[PDB]
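Descriptive structure summary
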Protein chains: 4
Amino acid sequence: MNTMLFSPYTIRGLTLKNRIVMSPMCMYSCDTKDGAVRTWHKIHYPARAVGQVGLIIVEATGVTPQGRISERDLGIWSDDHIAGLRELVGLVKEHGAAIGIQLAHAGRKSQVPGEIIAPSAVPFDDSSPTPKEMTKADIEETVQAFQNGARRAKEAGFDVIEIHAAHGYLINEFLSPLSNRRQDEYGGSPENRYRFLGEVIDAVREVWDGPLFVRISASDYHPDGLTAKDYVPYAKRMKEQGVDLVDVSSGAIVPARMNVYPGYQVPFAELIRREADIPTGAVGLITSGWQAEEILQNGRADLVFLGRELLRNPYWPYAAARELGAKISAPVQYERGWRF
Amino acid sequence: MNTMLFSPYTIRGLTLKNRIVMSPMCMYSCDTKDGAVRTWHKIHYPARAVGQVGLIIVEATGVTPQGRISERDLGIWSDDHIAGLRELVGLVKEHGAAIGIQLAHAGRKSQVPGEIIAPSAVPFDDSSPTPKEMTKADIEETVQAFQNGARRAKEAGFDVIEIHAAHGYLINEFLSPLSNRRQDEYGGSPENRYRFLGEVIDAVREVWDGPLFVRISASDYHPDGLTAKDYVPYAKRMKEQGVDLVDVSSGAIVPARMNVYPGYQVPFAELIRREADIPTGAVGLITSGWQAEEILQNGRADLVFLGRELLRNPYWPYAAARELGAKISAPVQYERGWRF
Amino acid sequence: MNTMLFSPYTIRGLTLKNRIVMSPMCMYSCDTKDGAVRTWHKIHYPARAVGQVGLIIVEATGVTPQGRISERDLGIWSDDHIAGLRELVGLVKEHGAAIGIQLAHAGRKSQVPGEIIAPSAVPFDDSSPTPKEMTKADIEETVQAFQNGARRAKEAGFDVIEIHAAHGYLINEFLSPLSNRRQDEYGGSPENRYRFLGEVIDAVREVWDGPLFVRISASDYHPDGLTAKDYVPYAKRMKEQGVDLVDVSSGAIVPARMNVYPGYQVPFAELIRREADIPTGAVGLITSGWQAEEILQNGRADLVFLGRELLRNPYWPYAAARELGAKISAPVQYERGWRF
Amino acid sequence: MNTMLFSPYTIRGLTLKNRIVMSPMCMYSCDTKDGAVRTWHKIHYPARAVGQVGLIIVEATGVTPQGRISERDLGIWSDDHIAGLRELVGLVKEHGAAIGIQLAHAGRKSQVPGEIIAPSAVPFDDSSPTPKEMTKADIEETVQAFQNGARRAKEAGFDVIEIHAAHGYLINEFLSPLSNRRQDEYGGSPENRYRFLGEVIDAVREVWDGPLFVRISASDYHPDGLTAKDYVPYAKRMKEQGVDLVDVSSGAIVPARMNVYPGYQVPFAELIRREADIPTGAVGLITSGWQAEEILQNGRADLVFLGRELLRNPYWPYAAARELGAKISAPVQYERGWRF
Ligand SMILES: Cc1cc2nc3c(=O)[nH]c(=O)nc-3n(C[C@H](O)[C@H](O)[C@H](O)COP(=O)(O)O)c2cc1C
Ligand SMILES: Cc1cc2nc3c(=O)[nH]c(=O)nc-3n(C[C@H](O)[C@H](O)[C@H](O)COP(=O)(O)O)c2cc1C
Ligand SMILES: Cc1cc2nc3c(=O)[nH]c(=O)nc-3n(C[C@H](O)[C@H](O)[C@H](O)COP(=O)(O)O)c2cc1C
Ligand SMILES: Cc1cc2nc3c(=O)[nH]c(=O)nc-3n(C[C@H](O)[C@H](O)[C@H](O)COP(=O)(O)O)c2cc1C
């Protein structure tokens, strides 16, 4: 009757109505190819807000044109993006949800034409372009891009900011020795490989004091790569720097075979949560209320992130409530339909 | 694999991608109380379009201020409504769906303050206001209101127009002897009680040649009321007047106890379909793809109208496809989620 | 709350606790190949009784060795079968269900080695053995086999007897002009083609006064075959002969392509029910309580026969009750599990 | 496609076809009140075997008349019980499943009329009878009862034996300081409170070398009671004594409020599994294949025990397979129904 899934959760004064989070998912719907919010986004995101999702994280938003995954990504490299993002924020919040945004940079995995950058001039695979080895100017420049992105998100009115340090993208590339072969202060050791992430966090915190999320790939799924245990010290530091919650994913630094199954990334979320003593978000094949409640009640994570399931059904929270025999507030307009 | 539910259906050159129709449902979301389309409607309806609903029928829209059910209904009594409706139409169609609108007049069941009109000065119940017995001027005036509504819907860009002659509202009141005690040419016989509906249809057809729906209450659930068989002759006439499909509902002319169960109004839809030889829409507790397919394949109706189920899940078509082991086109953005 | 699906139904003093019937389904589990009831049957059938199925119809039971579909069918051609059948009956009824048996003869569709019999020496298809054209001695002999089967079922303690006149088997072959080319009193006209069925019914009624079912194939799905309308006169006669309910199926007299979909045989059940004025059983892709309730409430059939669905879940009635928001008596042992 | 839930598991040469176990559940169906297997049990258990459950654990079976929970429990205090149990075993295994039995003694929680025994003369609650403080003769006697029960189970042909040391029953009472106030070698310390369990295990192992399970209550849910961590040393010893798997439950030593939720006992199973380095069984609100797969793949347990869910649906494994997109061997009789 009284579940944890539909119990409020507060982060730095921001109270989420429940533990349900819409995981950041690229829509590749910027038809103008200028990183601008389009009509699609204005229908896509607010629909989940009506569905009673507590927190909606907007897809990976490129902090630079080269930082995009594709030419159809959302962008935040220009003050001109603020208006569209502000409109999106207004629409989502107006319908009851808190809204966040995922600041991102694809790095060597960018599919945008032209030069792409990485810690080292090593391609993702034999079929990918060789990225440019970033100079220290490029580094502080990219850090500034993240800070500016954060400032624009703040102006747009976002409630939450997430730093995308996962899925083998730019920050993840600095993190993993598989991609980071630098021999300056940005590579060659756990501390050095973390530096870039540390500087991004600090820069963001200069202009942003709201809830701050970091999304990581807890594992590289490679013998010579990173494991969940490597991220425990990193999470402790993130905590000291004022990161509020770790959004725990995994993989994609290089091509690799992964054993995918229900809750396959949950152990990573709990590892960091209990060892680094920091709130975590669980993601990866979470599709049922029954499943989500188990994750919460057993203290494996504090928030549950839903991906593809929210693509199949934007009103998932209602089905989850039914599933758990719980009752939640429905939009007044849908009360006749939302029966418990 | 190849179901009827997800097979196209053509009405007067308008081809629906499937047989799934979103039944007209009042949202009471016109906070400005001027019948204007609001932000809510612009999120509510297009969401079902993304969900792959073939035809979306907009809620009962008052053809006059007094014709509204409540002060929060949509309205179409002014050319000023066209802009908002046109924007709504654009949003819905842009996301893949055909769009219709339900022209309505609450009659004696209107809850709007002030005078309300009906065929006879008989209240809905002992707790309702006594309506004014319409004069012949009121009648031709109300007919003109429907015509103007149709013209505005056409300008807005609607694909389908439905005339709301059901649920005990104005037109239904002229139809049922329970509410129509007039002793002129508009009451006293089956032919006379039909006159008002006939004139509305003709007037609408003067300015509208697209798909035309009529929604009826096949039964009054009263010993001295109308039965499904009474509507067979009416459907034959509607057919002659150029009505393309009969949206078959029931009840609500007066307070009455109804036996509600799955598909409880389907027999009415099939009765009219086979006896009047006219395409029909089935509505009333249709909630599963399995159920909807049975209705179609057995020739009980040509379209299936979903109500509350589309309130619980705007992407119902996907679940129905899964349910039937069928595969349908998903919005490109949701392909990773919409697995078959 | 009070559904029709879980409302009692009385046939000749036999009261079924609900409208749910387990359709006769061959298990091919007589490993001894002597038509004897085996351990499998003693677990298979009583499980559905615990599941709260109102009436359980035992699979097609060969009234003669040659009358079996396969060497692994149940048999009733010997008094020696009574003991096993009586044990089965005891087990099923002990757990709350009424029990019936389907008296059967495969005819030309028998796959048992050796001579097989039919109205005419016409094979099922070019890949099947040519059956012997039955003599009038064979006919009255086969009729006697059905009577003896009925007598043994009575001794075993069965509550209901069904005559299998469907799925292109022996009796169905006499019924359909596609297979019956006889030029005596058993072919050449509707009356003559019915004679065999008529004689079987009379013979059974000589030794059995309990509920009597007849299972028919309402359609041959062939231009020159039988249609549902042909069976209306037949059902009227069956009624006069004391047949209590018509179990309405279809097809299988010859190879043919059938359009299979949810409730695809329901229109046949309702046709006979309303035109012949006789209780009918609906069967064919009935899998949900929602669906079953619609069939009942709309008077399309009086009993609902479940096939493969009861193979997937023997406790279907519980799921159906949940589905309909209804509550039914659970076996006291399962009360903690069977929550409503 | 290849899940862990439907992957074989071997314990001491006994190979289970999958990881699905039917948790021991009292049926209170011994109407003769002599601990004898009845018809009900012979239908109840084999049904789950057909449902493709890998291992079926028979309900708590009293090793003495006073050791029963109720007068309707199964019993094994007499060689006369062997015949009935052997028949049950035959029925279950014949239909594809391995079978186990739970040797039990209710202790102070017995509801059987007359004297009841416990480590100390302390009632379960103020509403329960005061049990007799067992003498050392009673102890070695009760140990002998367990050994004899094991010997009879072996003769009956059981594949697995489980010792019921949980749910606040006799053995659990010796384990918990809440109920054990003895001041001899059987109380007053962790080692002493374990002694009784240790002696039961040894005695059972004298006459039984097959798979041996022990079911424990990992927590008393009481400030002065046992916690999961207390059972880590116990599990290490059980391992040394030849216990093959720990069936991990919790609670019921005294009245207490428990927070019940999906997988609420899983953390206990994983604790013991990883800390004591011994295979464990997870139980407690496990109802979906999705859930069960997560438990297995994440190494939280080696076997998954289903309780009430197998009461709602004896063929759960089929639904779980569907749920996981996996395909498993269906009983050849149900192949047409069991579609994947
Ligand atoms: C279409 C699609 C787009 C995605 N884009 C992003 C993204 O922009 N940022 C991100 O962190 N993860 C992205 N992912 C991963 C999802 O956020 C989510 O973590 C992943 O799909 C696993 O969650 P799920 O199994 O519940 O779907 C995307 C996934 C999908 C299916
Ligand atoms: C909230 C709500 C508003 C409705 N408003 C309308 C309406 O404006 N026009 C109409 O014809 N029917 C209206 N109805 C009836 C629905 O269109 C539909 O026919 C009815 O709810 C039965 O369908 P269902 O059982 O699938 O929900 C409304 C129903 C609901 C629940
Ligand atoms: C395995 C199996 C065995 C069957 N054996 C019989 C039978 O013995 N007698 C009969 O009349 N129909 C038999 N049929 C048809 C069923 O009785 C039932 O009418 C048909 O399968 C449609 O039911 P369903 O769609 O609900 O599964 C059998 C069907 C199956 C799948
Ligand atoms: C009707 C019933 C009888 C039970 N009897 C036993 C029993 O004999 N032995 C035992 O160890 N647990 C018994 N329990 C507990 C179950 O074995 C199981 O561990 C508990 O019900 C949790 O399982 P579930 O949540 O999956 O249903 C019983 C539970 C129920 C509901």
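Residues numbered from 1 in each chain as written, not as in the entry; some residues may be left out. Chains lettered and ligands numbered in written order. Heavy atoms only, no water.

As for the site of ligand 2
The immediate surroundings of ligand 2 are formed by 16 residues, with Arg336 of chain A together with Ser23, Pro24, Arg215 and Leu285 of chain B found nearest. Flanking ligand 2 are residues from chains A and B. Taking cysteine 26 of chain B, its main chain carries an N or O atom lying 2.8 Å from a nitrogen atom of ligand 2. A breakdown of the residues in the shell around ligand 2 according to their chemical character gives seven nonpolar, six polar and three charged. (Near = heavy atom within 4 Å. Polar contact = N/O pair within 3.5 Å; in protein donor to acceptor, adjacent residues only side chain to side chain. Nonpolar A, V, L, I, M, F, W, Y, C, P; charged D, E, K, R; others polar.)

Overview of the site of ligand 3
All names here are of chain C. As a structural note, the neighbourhood of ligand 3 is formed by 16 residues, with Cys26, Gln102, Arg215, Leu285 and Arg308 the closest of them. One of the side-chain nitrogen or oxygen atoms of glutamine 102 is found 2.7 Å away from an oxygen atom of ligand 3. The protein chains hide 90% of the 600 Å² of surface that ligand 3 would expose on its own. (Areas by Shrake-Rupley, 256 points an atom, 1.4 Å probe, with all protein chains shown as cover.)

Thoughts on the pairing of strand β4 (residues 55-62) of chain C
All names here are of chain C. With eight of eight residues buried, β4 lies mostly within the body of the structure. Pairing of strand β3 (residues 20-22) with β4, which is carried by two bridges, proceeds in the parallel orientation. When the sheet's bridge partners are listed, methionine 22 is paired in β4 with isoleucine 56. Relative to strand β6 (residues 98-104), β4 runs parallel, the two sharing seven bridges. If you follow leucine 55 over to β6, its bridge partner there is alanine 98. Examined bridge by bridge, β4 and strand β5 (residues 74-75) share two bridges and lie parallel to one another. (Buried < 20%, exposed > 50% of the residue type's maximum accessible area, 1.4 Å probe, protein only. Helix = DSSP H or I, 4+ residues; strand = E, 2+ residues; numbered from the N terminus. Pairing = 2+ DSSP bridges.)

Notes on the interface of chain B and chain C
At the junction of the two partners, chain B supplies 16 residues and chain C supplies 18 residues. In this assembly, chain B packs against chain C so that about 1400 Å² is buried in total across both faces, 56% of it on carbon and sulfur atoms. Summed over the shared surface of chain B and chain C, the number is zero salt bridges. Of all the secondary structure elements, the ones that give two or more residues to the side of chain B that touches chain C are α7 (266-275) and α8 (289-297) of chain B. Counting residues per element, the side of chain B that touches chain C draws most heavily on α8 of chain B, at five residues. (Contact = heavy atoms within 4.5 Å. Buried area = accessible area lost by both parts, 1.4 Å probe. Salt bridge = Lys/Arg side-chain N within 4 Å of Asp/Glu carboxyl O.)

A short note on the relation of the copies chain B and chain C
For these two chains of identical sequence, chain B goes onto chain C by a turn of 180° and a shift of 0.4 Å along the axis, with RMSD 0.0 Å. With respect to symmetry, the two chain copies, as superposed, fit the operation of a two-fold axis. When C-alpha positions in chain B are compared against the rotation axis, the closest is assigned to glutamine 291 of chain B, at 3.2 Å. (Least-squares fit on C-alpha atoms.)

Quick notes on the relation of the copies chain B and chain A
Superposition record for chain B on chain A: RMSD 0.0 Å, screw rotation 180°, translation along axis 0.0 Å. Residue by residue, 100% of the interface of chain B is reproduced at the interface of chain A, so both copies engage with the same surface.

Regarding helix α7 (residues 266-275) of chain D
Residue and element names in this part refer to chain D. Taken as a whole, α7 has its buried residues at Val266, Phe268, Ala269, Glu270, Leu271 and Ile272. Those residues of α7 hidden inside the fold are in contact with α6 (231-240), β11 (245-249), β12 (280-283) and α8 (289-297). The positive-phi residue at the C-terminal boundary of α7 is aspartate 277, with phi of around 60°.

A word on the UniProt feature "binding site: FMN" in chain A
Residue and element names in this part refer to chain A. Here, the residues flagged by UniProt with the feature "binding site: FMN" are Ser23, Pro24, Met25, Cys26, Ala60, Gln102, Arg215, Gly307 and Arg308. Relative to the helices and strands, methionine 25 is located in the loop between β3 (20-22) and α1 (39-50). Taking relative accessible area as the criterion, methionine 25 reaches 12% and is therefore assigned buried. Not counting residues up to four positions away in its chain, the partners in contact with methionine 25 are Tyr45, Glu59, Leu306, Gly307, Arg308 and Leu311. Relative to the helices and strands, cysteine 26 is located in the loop between β3 and α1. When residues no more than four places from it in sequence are discounted, the contact partners of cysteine 26 are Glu59, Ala60 and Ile69. (UniProt positions renumbered as here; feature names shortened; annotations may be inferred.)

Regarding the packing of aromatic side chains
Enumeration according to the criterion identifies 48 aromatic pairs over all chains in this entry. Ring plane angle 55° and centroid distance 5.3 Å describe the contact between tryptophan 40 of chain A and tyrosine 334 of chain B, whose orientation is recorded as tilted. Pair noted here: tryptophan 40 of chain A is in helix α1 and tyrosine 334 of chain B is in the segment after α10 (316-323), and the two residues belong to different chains. The pair formed by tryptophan 40 of chain A and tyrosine 334 of chain B is uniform in burial state, with each residue classed as buried. Seen from their ring centres, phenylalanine 174 of chain D and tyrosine 186 of chain D are 6.2 Å apart, and the 75° between their planes marks the pair as edge-to-face. Separated by 12 residues along the polypeptide, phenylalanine 174 of chain D in helix α4 (residues 170-175) and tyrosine 186 of chain D in the loop between α4 and α5 (190-207) bring together distant segments of the chain. Residue classification places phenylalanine 174 of chain D among the buried residues on the basis of a relative accessible area of 0%. Each residue in the set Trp40 of chain A together with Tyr315, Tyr318, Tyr334, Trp338 and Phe340 of chain B is aromatic and connected to the rest through ring pairs, giving one cluster. (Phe/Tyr/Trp six-rings, centres within 6.5 Å; stacked < 30°, edge-to-face > 60°.)

Details of α1 of chain A
Here α1 of chain A is 12 residues long and its end C-alpha atoms lie 17 Å apart, about the 16 Å a rise of 1.5 Å per residue gives. Here α1 of chain A has its buried residues at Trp40, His41, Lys42, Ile43, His44, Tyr45, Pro46, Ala47, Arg48, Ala49 and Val50 of chain A. For α1 of chain A, the secondary structure elements touched by its buried residues are β3, β4 (55-62), β5 (74-75), α2 (81-94) and α9 (308-312) of chain A together with α1 (39-50) of chain B. Two residues or fewer past α1 of chain A, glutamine 52 of chain A is found with a positive phi of approximately 80°. (Expected span 1.5 Å × (residues − 1).)

Here we look at the packing of helix α5 (residues 190-207) of chain A against helix α6 (residues 231-240) of chain A
Residue and element names in this part refer to chain A. At a minimum axis separation of 11 Å, α5 and α6 run at an interaxial angle of 30°. Classified by the interaxial angle, the pair formed by α5 and α6 is roughly parallel. Taken as a pair, α5 and α6 cross one another with a handedness that is right-handed. Every residue of α6 that contacts α5 at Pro190, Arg193, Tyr194, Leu197 and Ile201 is listed here: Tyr234, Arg237 and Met238. (Axes fitted to C-alpha atoms, helices over the stretch in contact; angles between N-to-C directions. Parallel < 35°, antiparallel > 145°, perpendicular 65-115°, else oblique. Left-handed = near helix turned anticlockwise from the far one by under 90°.)

Re the arrangement of the chains
Of all four pairs of chains sharing an interface, the pair with the highest contact count is chains A and B. There is a gap between chain A and chain C: no contact, and a shortest C-alpha distance of 11 Å.

Focus on the environment of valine 248 of chain B
Residues and elements named next belong to chain B. For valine 248, the location among the structural elements is in strand β11 (residues 245-249). Classification of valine 248 as buried rests on a relative accessible area of 0%. Sequence separation between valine 248 and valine 283 is 35 residues, and the spatial gap between their C-alpha atoms is 6.8 Å. In this structure, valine 248 is in contact with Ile216, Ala218, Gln265, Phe268, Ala269, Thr280, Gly281 and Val283, ignoring residues within four places of it in sequence.

With respect to the UniProt feature "binding site: substrate" in chain A
Residue and element names in this part refer to chain A. Within the UniProt annotation, "binding site: substrate" is assigned to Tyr28, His164, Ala165, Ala166 and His167. With respect to the helices, strands and loops of the structure, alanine 165 is situated in strand β9 (residues 160-165). Excluding its chain neighbours within four sequence positions, the residues that come into contact with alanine 165 are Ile171, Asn172, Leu175, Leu197, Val214, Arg215, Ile216 and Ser217. Relative to the helices and strands, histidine 167 is located in the loop between β9 and α4 (170-175). Those residues in contact with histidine 167 that sit more than four places away from it in its chain are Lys109, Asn172, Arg215, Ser217, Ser249, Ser250, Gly251 and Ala252.

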